[PDB]
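As a convention, Cβ positions derive from the backbone with ideal geometry for all residues, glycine included, and neighbour counts pool all protein chains shown. What follows draws every value from the coordinates through simple rules; no lab data is involved.
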Amino acid sequence: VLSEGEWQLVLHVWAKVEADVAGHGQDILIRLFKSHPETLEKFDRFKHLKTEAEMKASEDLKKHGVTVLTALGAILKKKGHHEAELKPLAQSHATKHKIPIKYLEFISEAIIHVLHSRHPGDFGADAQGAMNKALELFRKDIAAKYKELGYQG
Ligand SMILES: C=CC1=C(C)/C(=C/c2[nH]c(/C=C3N=C(/C=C4\NC(=O)C(C)=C4C=C)C(C)=C\3CCC(=O)O)c(CCC(=O)O)c2C)NC1=O
């Protein structure tokens, strides 16, 4: 359960994300795709890009980073009371996209990396701990909804 002060740390660095959601989305997905190339396979509109400039140049990748961060920012704003927001994610992610929990760990790790890299002044140890807790709560709750839906994840 995060404390109120930990949610404030999470939402404080997220306001920095919100100044440029698409730029942050491209960097997060580029870090994910470079760290774990196999996740790039889920994306047919850009599964063949090979360099960072290609990926920066991709309109579909840029749109997808905004899809990811818009939904993730609405979740975090719920401060853990996110069941209604997670219900549509877990449906499509369990039945159409088939996204393993290991993949949700990989992008969490990409998210923390890009936040440290772009916002180290607003993402010190305590903020990093608070964000790691919020993403760990999101992954736990998704994982349990995937099981309800018969997807192991
Ligand atoms: C916290 C991260 C995160 C969130 C909140 C997220 C949200 C999210 N992903 C989407 C699509 C999708 N999401 C994925 C894939 C993934 N989705 C994943 O969680 C992971 C780690 C992969 C990694 C391969 C795919 C393949 C689509 C469809 C993309 C498309 O068809 O244009 C959509 C559009 C509607 C739908 O299909 O559900 C939303 C809102 N995606 C995220 O990555």
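Scanning the range 39-63 for residues that are within 9 Å of the ligand (Cβ to nearest atom) and surrounded by fewer than 19 Cβ atoms within 10 Å (Cβ to Cβ) returns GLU41, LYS42, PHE43, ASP44, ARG45, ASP60, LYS63. Considering the conditions (1) more than 15 Å from the chain's Cα centre (by Cα); (2) under 22 Å from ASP122 (Cα atoms), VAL68 is excluded by exactly one of them, (1). Among residues of the range 43-65 that are without any contact (Cβ under 8 Å) to a residue 24 or more places away in the chain, those with a beta-carbon under 8 Å from a residue that is acidic (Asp, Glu) and within 12 Å of the ligand (Cβ to nearest atom) at least six positions away or on a different chain give the pairs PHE43/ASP60; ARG45/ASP60; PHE46/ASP60; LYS47/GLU41.
Before we move on, is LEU72 under 19 Å from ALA19 (Cβ atoms), within 12 Å of the ligand (Cβ to nearest atom), buried (at least 18 other Cβ atoms within 10 Å of the Cβ) and of a type in the set (A, V, I, L, M)? Yes. Applying a threshold of 6 Å to beta carbon distances and a minimum spacing of six or more residues, or different chains, the list of pairs starting in the range 89-117 at a residue that is under 17 Å from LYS147 (Cβ atoms) and ending at one that is of a type outside the set (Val, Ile, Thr) and near the ligand (Cβ under 9 Å from one of its atoms) reads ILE99/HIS93; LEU104/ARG139. Against the condition over 16 Å from the mean Cα position of the chain (by Cα), farther than 20 Å from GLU18 by Cα and surrounded by fewer than 20 Cβ atoms within 10 Å (Cβ to Cβ), how does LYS96 come out, does it pass? Considered against the rule, which asks whether it is over 16 Å from the mean Cα position of the chain (by Cα), farther than 20 Å from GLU18 by Cα and surrounded by fewer than 20 Cβ atoms within 10 Å (Cβ to Cβ), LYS96 comes out as yes. Picking from residues in the range 99-116 that are more than 12 Å from the chain's Cα centre (by Cα) and not hydrophobic (A, V, I, L, M, F, W, C), the one that is farthest from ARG31 (Cα to Cα) is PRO100.
For the range 1-49, taking the residues that are in a helix (DSSP H, G or I) and among the small types (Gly, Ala, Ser), the one that is farthest from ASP141 (Cα to Cα) is identified as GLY23.
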